[PDB]
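Chemist: This is start39.json (JSON, N, CA and C atoms).
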[["chain", "number", "residue", "atom", "x", "y", "z"],
["A", 641, "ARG", "N", -76.14, 12.34, 98.58],
["A", 641, "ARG", "CA", -75.00, 11.83, 97.74],
["A", 641, "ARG", "C", -74.30, 12.92, 96.94],
["A", 642, "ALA", "N", -74.04, 14.11, 97.53],
["A", 642, "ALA", "CA", -73.64, 15.30, 96.79],
["A", 642, "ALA", "C", -74.68, 15.65, 95.73],
["A", 643, "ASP", "N", -75.88, 15.98, 96.22],
["A", 643, "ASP", "CA", -77.10, 16.23, 95.48],
["A", 643, "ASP", "C", -77.46, 17.68, 95.72],
["A", 644, "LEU", "N", -77.84, 18.01, 96.97],
["A", 644, "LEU", "CA", -78.16, 19.36, 97.37],
["A", 644, "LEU", "C", -76.95, 20.04, 97.99],
["A", 645, "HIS", "N", -76.72, 21.32, 97.61],
["A", 645, "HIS", "CA", -75.73, 22.22, 98.18],
["A", 645, "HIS", "C", -74.28, 21.76, 98.12],
["A", 646, "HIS", "N", -73.68, 21.72, 96.91],
["A", 646, "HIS", "CA", -72.29, 21.33, 96.69],
["A", 646, "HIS", "C", -71.27, 22.33, 97.20],
["A", 647, "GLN", "N", -71.13, 22.43, 98.54],
["A", 647, "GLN", "CA", -70.14, 23.26, 99.20],
["A", 647, "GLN", "C", -68.76, 22.64, 99.11],
["A", 648, "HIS", "N", -68.68, 21.31, 99.26],
["A", 648, "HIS", "CA", -67.44, 20.59, 99.13],
["A", 648, "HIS", "C", -67.71, 19.19, 98.60],
["A", 649, "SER", "N", -67.64, 18.15, 99.45],
["A", 649, "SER", "CA", -67.72, 16.72, 99.14],
["A", 649, "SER", "C", -66.76, 16.19, 98.09],
["A", 650, "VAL", "N", -66.86, 16.64, 96.81],
["A", 650, "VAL", "CA", -66.47, 15.99, 95.56],
["A", 650, "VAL", "C", -64.99, 15.60, 95.43],
["A", 651, "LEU", "N", -64.13, 15.97, 96.40],
["A", 651, "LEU", "CA", -62.85, 15.32, 96.59],
["A", 651, "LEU", "C", -63.01, 13.86, 97.00],
["A", 652, "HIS", "N", -64.15, 13.51, 97.65],
["A", 652, "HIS", "CA", -64.56, 12.17, 98.00],
["A", 652, "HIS", "C", -64.63, 11.30, 96.77],
["A", 653, "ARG", "N", -65.34, 11.75, 95.72],
["A", 653, "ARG", "CA", -65.40, 11.16, 94.39],
["A", 653, "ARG", "C", -64.03, 10.77, 93.84],
["A", 654, "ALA", "N", -63.02, 11.65, 93.94],
["A", 654, "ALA", "CA", -61.68, 11.34, 93.53],
["A", 654, "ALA", "C", -60.99, 10.33, 94.44],
["A", 655, "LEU", "N", -61.01, 10.55, 95.78],
["A", 655, "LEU", "CA", -60.36, 9.67, 96.73],
["A", 655, "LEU", "C", -61.00, 8.29, 96.81],
["A", 656, "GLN", "N", -62.33, 8.24, 96.96],
["A", 656, "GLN", "CA", -63.06, 7.02, 97.16],
["A", 656, "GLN", "C", -63.11, 6.19, 95.89],
["A", 657, "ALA", "N", -63.04, 6.81, 94.68],
["A", 657, "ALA", "CA", -62.91, 6.06, 93.44],
["A", 657, "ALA", "C", -61.54, 5.41, 93.27],
["A", 658, "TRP", "N", -60.52, 5.93, 93.98],
["A", 658, "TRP", "CA", -59.20, 5.36, 94.00],
["A", 658, "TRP", "C", -59.12, 4.24, 95.02],
["A", 659, "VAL", "N", -59.66, 4.44, 96.25],
["A", 659, "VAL", "CA", -59.53, 3.44, 97.31],
["A", 659, "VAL", "C", -60.58, 2.34, 97.31],
["A", 660, "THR", "N", -61.86, 2.63, 96.96],
["A", 660, "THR", "CA", -62.98, 1.74, 97.22],
["A", 660, "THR", "C", -63.58, 1.21, 95.90],
["B", 94, "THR", "N", -76.13, 3.99, 73.40],
["B", 94, "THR", "CA", -77.02, 4.85, 74.27],
["B", 94, "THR", "C", -76.27, 6.08, 74.73],
["B", 95, "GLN", "N", -76.89, 7.27, 74.74],
["B", 95, "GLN", "CA", -76.22, 8.49, 75.14],
["B", 95, "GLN", "C", -76.11, 8.60, 76.65],
["B", 96, "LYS", "N", -74.93, 9.00, 77.16],
["B", 96, "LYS", "CA", -74.76, 9.34, 78.56],
["B", 96, "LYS", "C", -73.95, 10.62, 78.64],
["B", 97, "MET", "N", -72.61, 10.52, 78.73],
["B", 97, "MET", "CA", -71.74, 11.66, 78.88],
["B", 97, "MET", "C", -71.32, 12.19, 77.52],
["B", 98, "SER", "N", -71.89, 13.34, 77.11],
["B", 98, "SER", "CA", -71.57, 14.00, 75.86],
["B", 98, "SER", "C", -70.42, 14.98, 76.02],
["B", 99, "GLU", "N", -70.11, 15.36, 77.27],
["B", 99, "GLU", "CA", -69.07, 16.32, 77.61],
["B", 99, "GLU", "C", -67.70, 15.65, 77.62],
["B", 100, "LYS", "N", -66.61, 16.44, 77.67],
["B", 100, "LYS", "CA", -65.25, 15.92, 77.59],
["B", 100, "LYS", "C", -64.59, 16.10, 78.94],
["B", 101, "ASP", "N", -65.36, 16.67, 79.86],
["B", 101, "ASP", "CA", -64.90, 17.47, 80.96],
["B", 101, "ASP", "C", -64.72, 16.62, 82.21],
["B", 102, "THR", "N", -64.63, 15.29, 81.99],
["B", 102, "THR", "CA", -64.03, 14.35, 82.92],
["B", 102, "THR", "C", -62.55, 14.65, 83.05],
["B", 103, "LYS", "N", -61.87, 15.09, 81.96],
["B", 103, "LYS", "CA", -60.50, 15.56, 82.01],
["B", 103, "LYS", "C", -60.36, 16.77, 82.93],
["B", 104, "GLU", "N", -61.28, 17.76, 82.80],
["B", 104, "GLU", "CA", -61.42, 18.89, 83.71],
["B", 104, "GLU", "C", -61.62, 18.45, 85.15],
["B", 105, "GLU", "N", -62.60, 17.54, 85.40],
["B", 105, "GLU", "CA", -62.82, 16.90, 86.69],
["B", 105, "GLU", "C", -61.54, 16.30, 87.27],
["B", 106, "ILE", "N", -60.87, 15.41, 86.51],
["B", 106, "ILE", "CA", -59.65, 14.73, 86.89],
["B", 106, "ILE", "C", -58.51, 15.71, 87.15],
["B", 107, "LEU", "N", -58.32, 16.73, 86.28],
["B", 107, "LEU", "CA", -57.34, 17.79, 86.46],
["B", 107, "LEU", "C", -57.56, 18.61, 87.72],
["B", 108, "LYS", "N", -58.80, 19.05, 87.98],
["B", 108, "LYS", "CA", -59.12, 19.84, 89.15],
["B", 108, "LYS", "C", -59.11, 18.99, 90.41],
["B", 109, "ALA", "N", -59.52, 17.71, 90.32],
["B", 109, "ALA", "CA", -59.32, 16.72, 91.36],
["B", 109, "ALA", "C", -57.85, 16.53, 91.69],
["B", 110, "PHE", "N", -56.98, 16.32, 90.68],
["B", 110, "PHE", "CA", -55.53, 16.25, 90.83],
["B", 110, "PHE", "C", -54.97, 17.44, 91.60],
["B", 111, "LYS", "N", -55.40, 18.67, 91.25],
["B", 111, "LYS", "CA", -54.99, 19.88, 91.94],
["B", 111, "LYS", "C", -55.48, 19.99, 93.38],
["B", 112, "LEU", "N", -56.61, 19.36, 93.75],
["B", 112, "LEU", "CA", -57.06, 19.27, 95.14],
["B", 112, "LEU", "C", -56.19, 18.36, 95.99],
["B", 113, "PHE", "N", -55.48, 17.39, 95.38],
["B", 113, "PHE", "CA", -54.41, 16.65, 96.03],
["B", 113, "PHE", "C", -53.11, 17.45, 95.99],
["B", 114, "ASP", "N", -52.69, 17.94, 94.80],
["B", 114, "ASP", "CA", -51.43, 18.63, 94.59],
["B", 114, "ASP", "C", -51.47, 20.07, 95.11],
["B", 115, "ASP", "N", -51.35, 20.21, 96.45],
["B", 115, "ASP", "CA", -51.17, 21.46, 97.18],
["B", 115, "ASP", "C", -49.92, 22.20, 96.75],
["B", 116, "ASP", "N", -48.87, 21.41, 96.48],
["B", 116, "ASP", "CA", -47.51, 21.85, 96.30],
["B", 116, "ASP", "C", -47.31, 22.47, 94.93],
["B", 117, "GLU", "N", -48.25, 22.17, 94.00],
["B", 117, "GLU", "CA", -48.24, 22.54, 92.59],
["B", 117, "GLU", "C", -47.05, 21.91, 91.89],
["B", 118, "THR", "N", -46.74, 20.66, 92.29],
["B", 118, "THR", "CA", -45.48, 20.01, 91.93],
["B", 118, "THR", "C", -45.68, 19.14, 90.72],
["B", 119, "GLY", "N", -46.93, 18.75, 90.41],
["B", 119, "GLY", "CA", -47.25, 17.96, 89.23],
["B", 119, "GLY", "C", -47.28, 16.51, 89.56],
["B", 120, "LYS", "N", -47.29, 16.19, 90.87],
["B", 120, "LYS", "CA", -47.35, 14.85, 91.39],
["B", 120, "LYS", "C", -48.34, 14.81, 92.52],
["B", 121, "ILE", "N", -49.07, 13.69, 92.63],
["B", 121, "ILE", "CA", -49.72, 13.30, 93.86],
["B", 121, "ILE", "C", -48.75, 12.37, 94.53],
["B", 122, "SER", "N", -48.11, 12.84, 95.61],
["B", 122, "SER", "CA", -47.31, 11.97, 96.45],
["B", 122, "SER", "C", -48.18, 11.28, 97.49],
["B", 123, "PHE", "N", -47.59, 10.30, 98.20],
["B", 123, "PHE", "CA", -48.10, 9.68, 99.41],
["B", 123, "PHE", "C", -48.62, 10.70, 100.42],
["B", 124, "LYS", "N", -47.80, 11.74, 100.68],
["B", 124, "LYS", "CA", -48.11, 12.86, 101.54],
["B", 124, "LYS", "C", -49.33, 13.62, 101.06],
["B", 125, "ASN", "N", -49.44, 13.93, 99.75],
["B", 125, "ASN", "CA", -50.61, 14.59, 99.17],
["B", 125, "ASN", "C", -51.84, 13.71, 99.29],
["B", 126, "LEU", "N", -51.69, 12.40, 99.03],
["B", 126, "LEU", "CA", -52.71, 11.39, 99.23],
["B", 126, "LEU", "C", -53.25, 11.36, 100.66],
["B", 127, "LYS", "N", -52.35, 11.27, 101.66],
["B", 127, "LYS", "CA", -52.72, 11.27, 103.06],
["B", 127, "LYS", "C", -53.28, 12.61, 103.54],
["B", 128, "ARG", "N", -52.80, 13.74, 102.97],
["B", 128, "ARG", "CA", -53.36, 15.07, 103.17],
["B", 128, "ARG", "C", -54.79, 15.17, 102.67],
["B", 129, "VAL", "N", -55.13, 14.51, 101.55],
["B", 129, "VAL", "CA", -56.50, 14.35, 101.08],
["B", 129, "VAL", "C", -57.31, 13.48, 102.02],
["B", 130, "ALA", "N", -56.79, 12.32, 102.44],
["B", 130, "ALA", "CA", -57.45, 11.45, 103.40],
["B", 130, "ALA", "C", -57.89, 12.15, 104.69],
["B", 131, "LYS", "N", -57.01, 12.99, 105.28],
["B", 131, "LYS", "CA", -57.36, 13.77, 106.46],
["B", 131, "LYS", "C", -58.22, 14.98, 106.17],
["B", 132, "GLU", "N", -58.33, 15.42, 104.89],
["B", 132, "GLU", "CA", -59.26, 16.45, 104.48],
["B", 132, "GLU", "C", -60.68, 15.93, 104.48],
["B", 133, "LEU", "N", -60.91, 14.71, 103.95],
["B", 133, "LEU", "CA", -62.19, 14.04, 104.07],
["B", 133, "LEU", "C", -62.44, 13.64, 105.52],
["B", 134, "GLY", "N", -61.38, 13.21, 106.23],
["B", 134, "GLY", "CA", -61.44, 12.88, 107.64],
["B", 134, "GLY", "C", -61.55, 11.40, 107.83],
["B", 135, "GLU", "N", -61.06, 10.64, 106.84],
["B", 135, "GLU", "CA", -61.10, 9.20, 106.82],
["B", 135, "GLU", "C", -59.82, 8.70, 107.49],
["B", 136, "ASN", "N", -59.93, 7.86, 108.54],
["B", 136, "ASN", "CA", -58.78, 7.48, 109.36],
["B", 136, "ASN", "C", -58.06, 6.27, 108.77],
["B", 137, "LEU", "N", -57.31, 6.52, 107.68],
["B", 137, "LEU", "CA", -56.55, 5.52, 106.96],
["B", 137, "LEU", "C", -55.22, 5.23, 107.64],
["B", 138, "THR", "N", -54.77, 3.96, 107.57],
["B", 138, "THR", "CA", -53.66, 3.38, 108.33],
["B", 138, "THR", "C", -52.31, 3.36, 107.62],
["B", 139, "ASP", "N", -52.01, 4.35, 106.76],
["B", 139, "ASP", "CA", -50.77, 4.50, 106.01],
["B", 139, "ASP", "C", -50.52, 3.44, 104.94],
["B", 140, "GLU", "N", -50.77, 2.16, 105.24],
["B", 140, "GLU", "CA", -50.57, 1.05, 104.34],
["B", 140, "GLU", "C", -51.47, 1.09, 103.11],
["B", 141, "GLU", "N", -52.75, 1.49, 103.25],
["B", 141, "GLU", "CA", -53.64, 1.66, 102.12],
["B", 141, "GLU", "C", -53.33, 2.92, 101.32],
["B", 142, "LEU", "N", -52.71, 3.95, 101.95],
["B", 142, "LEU", "CA", -52.11, 5.08, 101.23],
["B", 142, "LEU", "C", -50.98, 4.58, 100.36],
["B", 143, "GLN", "N", -50.14, 3.67, 100.90],
["B", 143, "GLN", "CA", -49.08, 3.01, 100.17],
["B", 143, "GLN", "C", -49.65, 2.18, 99.03],
["B", 144, "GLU", "N", -50.68, 1.34, 99.29],
["B", 144, "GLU", "CA", -51.42, 0.60, 98.27],
["B", 144, "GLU", "C", -51.92, 1.48, 97.14],
["B", 145, "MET", "N", -52.63, 2.60, 97.45],
["B", 145, "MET", "CA", -53.09, 3.54, 96.46],
["B", 145, "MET", "C", -52.00, 4.12, 95.56],
["B", 146, "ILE", "N", -50.83, 4.47, 96.12],
["B", 146, "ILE", "CA", -49.71, 4.94, 95.33],
["B", 146, "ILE", "C", -49.06, 3.79, 94.57],
["B", 147, "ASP", "N", -48.91, 2.60, 95.20],
["B", 147, "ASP", "CA", -48.32, 1.43, 94.59],
["B", 147, "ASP", "C", -49.11, 0.94, 93.38],
["B", 148, "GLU", "N", -50.46, 0.95, 93.49],
["B", 148, "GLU", "CA", -51.44, 0.80, 92.42],
["B", 148, "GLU", "C", -51.18, 1.80, 91.31],
["B", 149, "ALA", "N", -51.11, 3.11, 91.65],
["B", 149, "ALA", "CA", -50.91, 4.17, 90.69],
["B", 149, "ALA", "C", -49.44, 4.40, 90.32],
["B", 150, "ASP", "N", -48.76, 3.30, 89.94],
["B", 150, "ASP", "CA", -47.52, 3.25, 89.19],
["B", 150, "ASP", "C", -46.22, 3.41, 89.97],
["B", 151, "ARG", "N", -45.64, 2.26, 90.37],
["B", 151, "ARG", "CA", -44.24, 2.17, 90.77],
["B", 151, "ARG", "C", -43.37, 1.72, 89.61],
["B", 152, "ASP", "N", -43.99, 1.50, 88.45],
["B", 152, "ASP", "CA", -43.39, 0.90, 87.29],
["B", 152, "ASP", "C", -42.58, 1.94, 86.52],
["B", 153, "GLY", "N", -43.09, 3.19, 86.43],
["B", 153, "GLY", "CA", -42.50, 4.21, 85.57],
["B", 153, "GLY", "C", -42.28, 5.52, 86.26],
["B", 154, "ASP", "N", -43.31, 6.06, 86.93],
["B", 154, "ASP", "CA", -43.24, 7.40, 87.48],
["B", 154, "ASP", "C", -42.80, 7.35, 88.93],
["B", 155, "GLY", "N", -43.31, 6.39, 89.72],
["B", 155, "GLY", "CA", -42.81, 6.16, 91.07],
["B", 155, "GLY", "C", -43.79, 6.66, 92.09],
["B", 156, "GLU", "N", -44.19, 7.93, 91.98],
["B", 156, "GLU", "CA", -45.38, 8.46, 92.62],
["B", 156, "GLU", "C", -46.28, 8.82, 91.46],
["B", 157, "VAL", "N", -47.29, 9.69, 91.65],
["B", 157, "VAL", "CA", -48.41, 9.70, 90.73],
["B", 157, "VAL", "C", -48.51, 11.02, 89.98],
["B", 158, "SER", "N", -48.18, 11.11, 88.67],
["B", 158, "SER", "CA", -48.47, 12.32, 87.91],
["B", 158, "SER", "C", -49.87, 12.26, 87.32],
["B", 159, "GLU", "N", -50.27, 13.27, 86.50],
["B", 159, "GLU", "CA", -51.63, 13.32, 86.01],
["B", 159, "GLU", "C", -51.94, 12.19, 85.06],
["B", 160, "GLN", "N", -50.95, 11.70, 84.27],
["B", 160, "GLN", "CA", -51.12, 10.54, 83.42],
["B", 160, "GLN", "C", -51.34, 9.26, 84.23],
["B", 161, "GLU", "N", -50.67, 9.08, 85.39],
["B", 161, "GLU", "CA", -50.88, 7.95, 86.29],
["B", 161, "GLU", "C", -52.26, 8.04, 86.92],
["B", 162, "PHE", "N", -52.67, 9.25, 87.33],
["B", 162, "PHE", "CA", -54.00, 9.50, 87.85],
["B", 162, "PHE", "C", -55.07, 9.28, 86.79],
["B", 163, "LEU", "N", -54.86, 9.76, 85.54],
["B", 163, "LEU", "CA", -55.68, 9.42, 84.39],
["B", 163, "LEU", "C", -55.74, 7.92, 84.15],
["B", 164, "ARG", "N", -54.60, 7.18, 84.19],
["B", 164, "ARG", "CA", -54.58, 5.73, 84.15],
["B", 164, "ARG", "C", -55.38, 5.07, 85.27],
["B", 165, "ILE", "N", -55.23, 5.52, 86.55],
["B", 165, "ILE", "CA", -56.00, 5.00, 87.68],
["B", 165, "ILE", "C", -57.50, 5.26, 87.53],
["B", 166, "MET", "N", -57.90, 6.42, 86.98],
["B", 166, "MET", "CA", -59.29, 6.72, 86.70],
["B", 166, "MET", "C", -59.81, 5.96, 85.48],
["B", 167, "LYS", "N", -59.04, 5.91, 84.37],
["B", 167, "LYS", "CA", -59.41, 5.22, 83.14],
["B", 167, "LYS", "C", -59.37, 3.71, 83.23],
["B", 168, "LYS", "N", -58.86, 3.16, 84.35],
["B", 168, "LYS", "CA", -59.04, 1.79, 84.79],
["B", 168, "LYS", "C", -60.51, 1.39, 84.75],
["B", 169, "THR", "N", -61.40, 2.28, 85.24],
["B", 169, "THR", "CA", -62.82, 2.19, 84.97],
["B", 169, "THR", "C", -63.11, 2.75, 83.60],
["B", 170, "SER", "N", -62.95, 1.88, 82.59],
["B", 170, "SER", "CA", -63.43, 2.10, 81.24],
["B", 170, "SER", "C", -64.53, 1.09, 81.00],
["B", 171, "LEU", "N", -65.51, 1.08, 81.93],
["B", 171, "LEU", "CA", -66.56, 0.08, 82.08],
["B", 171, "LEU", "C", -66.00, -1.12, 82.81],
["B", 172, "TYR", "N", -65.55, -0.88, 84.06],
["B", 172, "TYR", "CA", -64.86, -1.85, 84.87],
["B", 172, "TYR", "C", -64.95, -1.32, 86.32]]
With the file now loaded, output its structure as structure tokens.

Modeler:
Amino acid sequence: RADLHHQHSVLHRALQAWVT
Amino acid sequence: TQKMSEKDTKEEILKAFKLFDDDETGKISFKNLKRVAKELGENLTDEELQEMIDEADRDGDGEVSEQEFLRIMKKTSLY
């Protein structure tokens, strides 16, 4: 869940908090 | 009860805003929204991109500035 190795992901947090 | 002592949700939201705003224009447009959707690789059907922008203020700004994005995020103020 964006726990180990934060290379990217966290745009998901912004997008998915808007859509879902 | 203590949870978030930091202020830096504004930092999060600002840097998140800039990950949409490629153009450095001060707006998240539909295009910037869909450019984010294809960055995650989520196959959205244009209409929910329209919904997301329509949600984030056709009332005043038209597309989405940082205050509209702050409003869309601050919608969850325990909600």

Chemist: Could you work out which residues of chain B fall inside 7 Å of chain A? Count only N, CA and C atoms, and format the result as an MDAnalysis selection string.

Modeler: chainID B and resid 109 133 145 165

Chemist: What does the distance from atom N of residue 112 of chain B to atom CA of residue 129 of chain B come to in Å, to one decimal?

Modeler: 8.9 Å

Chemist: Go ahead and compute the interatomic distance for atom CA of residue 139 of chain B and atom C of residue 166 of chain B, in Å to one decimal.

Modeler: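 Interatomic distance here is 22.5 Å.
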
Chemist: Based on the backbone DSSP call, show me all residues of chain A assigned alpha helix (DSSP H), as a list in words.

Modeler: residues 651, 652, 653, 654, 655, 656, 657, 658 and 659 of chain A

Chemist: Would you work out the distance separating atom N of residue 107 of chain B from atom CA of residue 161 of chain B, expressed in Å to one decimal?

Modeler: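 Between these atoms lies a distance of 11.5 Å.
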